[PDB]
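Below: the structure, in structure tokens.
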Amino acid sequence: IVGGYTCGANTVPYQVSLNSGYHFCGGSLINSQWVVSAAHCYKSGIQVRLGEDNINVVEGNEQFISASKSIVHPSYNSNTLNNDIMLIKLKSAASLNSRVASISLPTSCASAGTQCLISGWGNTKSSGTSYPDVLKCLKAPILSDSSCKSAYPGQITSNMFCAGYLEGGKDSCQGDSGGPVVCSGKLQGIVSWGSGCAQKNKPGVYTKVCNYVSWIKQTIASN
Ligand SMILES: [Ca+2]
């Protein structure tokens, strides 16, 4: 997260860190056994880390649970990043509490202008690199689909939306991928891609979660 703020320990209880010997992507807890992330974060041997603030220090509220199964969206295209979403099932159910909690799925899509919270342990520099140990947060608005498409000609599908600031300076970045975009208590987006980070006229692009609720629910119901 570039241009954001320190969230505060366990203030984003649904935020998870996907670990394969090191943090590599974010995710969102949607129930005691399932996490939503980006399909481009897929890899085998994932350990889901819940209740994290500093990802390099054991602070007392963590739950580390290995993934038992990963399900990349059936129509995920890694070249265009269309349908950049995946589900990860935990080998054991997480113990839900005030610091490890699920986030609700949307019942309807969000609208341009709505303010959302984006979070993660990704790069905090728009030029250069610096990876934080504690969770970073950014409040940002969803941008109109027309401005999104104009910013990224030929690249924005109906399964993507832009959020952020066209002037630059505030955005998600490498390492935040797969993480949450929560608006009014609903998980509306997944950190997916963008041109560099926090660049003028190149806002963040996010997977449009509301288009996937039926797939998420039916997948969970049978797995
Ligand atoms: Ca920790």
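In the structure tokens, each chain is lettered A, B, ... as it comes, each chain's residues begin at 1, and ligands are numbered from 1 in order of appearance.
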Which residues come within 10 Å of residue A:11, counting only C-alpha atoms, excluding same-chain residues fewer than 6 positions away, as a list in words?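 Those residues are residues 51, 52, 53, 98, 99, 100, 135 and 137 of chain A.
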Got a sec to tell me which of stretch 1-218 of chain A DSSP assigns to alpha helix (DSSP H), as a PyMOL selection string? chain A and resi 145-151+213-218
For a test of reading the model, state the distance in Å between atom CA of residue A:157 and atom CA of residue A:141, rounded to one decimal. 18.9 Å
Could you check how far atom CA of residue A:84 sits from atom CA of residue A:43, in Å to one decimal?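 We find that atom CA of residue A:84 and atom CA of residue A:43 lie 13.9 Å from each other.
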If the limit is 9 Å from any atom of ligand 1, counting only C-alpha atoms and all ligand atoms, which residues qualify? Return them as a PyMOL selection string. chain A and resi 49-62+133-134
Using DSSP on the backbone coordinates, identify all residues within stretch 25-183 of chain A classified as strand (DSSP E); present the result as number ranges by chain. A: 25-31, 34-37, 47-50, 63-72, 86-90, 115-120, 136-141, 160-163, 180-183
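Distances here use only C-alpha atoms; by that measure, the residue among A:142, A:156, A:46, A:25 closest to residue A:119 is A:25.
Of the listed residues A:187, A:34, A:39, A:146, the one whose atoms come nearest to residue A:75 is A:39, with distances taken using only C-alpha atoms.
Interatomic distance, atom CA of residue A:130 against atom CA of residue A:3: 12.3 Å.
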Neighbours of residue A:169 within 7 Å (only C-alpha atoms; same-chain residues fewer than 3 positions away dropped), as a list in words? residues 2, 3, 198 and 199 of chain A
Please identify every residue of stretch 27-69 of chain A that has at least one atom no farther than 12 Å from an atom of stretch 201-212 of chain A, counting only C-alpha atoms, and for each give the shortest atom pair and the distance in Å to one decimal, arranged by chain then increasing number, as JSON lines.
```
{"residue": "A:28", "atom": "CA", "partner": "A:209", "partner_atom": "CA", "distance": 11.6}
{"residue": "A:36", "atom": "CA", "partner": "A:209", "partner_atom": "CA", "distance": 9.5}
{"residue": "A:37", "atom": "CA", "partner": "A:207", "partner_atom": "CA", "distance": 9.6}
{"residue": "A:38", "atom": "CA", "partner": "A:207", "partner_atom": "CA", "distance": 7.9}
{"residue": "A:39", "atom": "CA", "partner": "A:207", "partner_atom": "CA", "distance": 10.0}
{"residue": "A:40", "atom": "CA", "partner": "A:207", "partner_atom": "CA", "distance": 11.2}
```
From the options A:45, A:113, A:178, A:26, which residue's atoms come nearest to residue A:190, counting only C-alpha atoms?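 Counting only C-alpha atoms, the residue closest to residue A:190 is A:178.
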